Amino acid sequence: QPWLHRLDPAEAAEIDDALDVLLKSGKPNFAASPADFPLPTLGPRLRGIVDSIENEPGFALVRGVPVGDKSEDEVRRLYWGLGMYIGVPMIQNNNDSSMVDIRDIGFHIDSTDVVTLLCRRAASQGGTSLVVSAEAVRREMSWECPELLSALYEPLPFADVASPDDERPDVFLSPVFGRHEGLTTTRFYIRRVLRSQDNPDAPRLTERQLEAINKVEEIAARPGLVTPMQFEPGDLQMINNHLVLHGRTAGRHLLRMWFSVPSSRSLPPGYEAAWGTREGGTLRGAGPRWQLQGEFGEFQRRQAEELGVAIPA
């Protein structure tokens, strides 16, 4: 498939050699640069793949990352090395983590420009990853139930993933479907919309809005629109959250990273509350207060200058 990019032996061996440089450098992750994880041929190719998910269908699966003979610690450093050719990593939670373990789901986006998942160990049976184009869903609705689209273009309340108190979350407004200068952007997450109601000041969800978001979920789950993906050790999935909704079917171990990327799209008016800034190619996304602190923060600035990602002041 066009979204599948396989690594050949030389490229896999190139990653092993890159990790050796990183391990032998005596530098910790947050002090490293791409020169400490050299990918002479795979580097430019990875940048190109990340650039390509700015277009439909908005995701890519890289296959063949050599993780089988590595320790868990070594895989994380390898993953960190690959991330230096993807984007600027972001803190993802209130625990100052920039790499989250997924071990032992309705369609949704992650609150970041690009999310990646590296599979170290695959699920025995279930755990099939599901991805769908948000624009394809919007287009089905435009044929089948256009009367509901207006509800998804008006801003709806979302609980902020960065809320310190999840029982009384901070809330921002965002449309589910938007577009700016011809580039579409989506935000969909039923749980976050329902949780927004725990803030008594947030607007109340009308039944029309509830009907519309439920319609989005129903259509996204249809066979004709879904692309299933059964992760194998060494798979690196990359998703553009402006274009893709992702989900999962019912000793797995995946590693998640969040990235700001230099090719991200500028956003429509009013999207500052949800994303921090409208301008594309900037350091943005969930939990602004988490970012740009300590050694990790100094890595973000160096990495942003390396890839050409602007840091809003």
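Don't overthink the numbering: it's just position in the shown sequence, from 1.
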Unmodelled deposited residues flanked by residue 250 on one side and residue 251 on the other:
4 to 9
In the deposited sequence, how many residues between residue 104 and residue 105 have no modelled coordinates (none, 1 to 3, 4 to 9, 10 or more)?
10 or more
Comparing 63-71 with 257-265, where is the mean C-alpha B-factor higher?
63-71
Can you tell me whether 213-221 has a higher mean C-alpha B factor than 159-167 in this record, or the other way round?
159-167
When you compare the CA B-factors of 235, 96, 147, 113 as listed in the entry, which one comes out on top?
147
Note to self: of 108, 121, 76, 192, the C-alpha temperature factor tops out at 121
What third of the chain, by the recorded C-alpha B-factor, contains residue 178?
lowest
When the modelled residues of the chain are sorted by Cα temperature factor, does residue 129 land in the lowest, middle or highest third?
middle
On the chain's distribution of Cα B-factors, residue 40 falls within the third called highest
Temperature factor at the Cα of residue 277, chain-ranked in thirds, falls in the highest
Please rank the C-alpha B-factors of the chain's modelled residues and tell me whether residue 196 sits in the lowest, middle or highest third.
middle
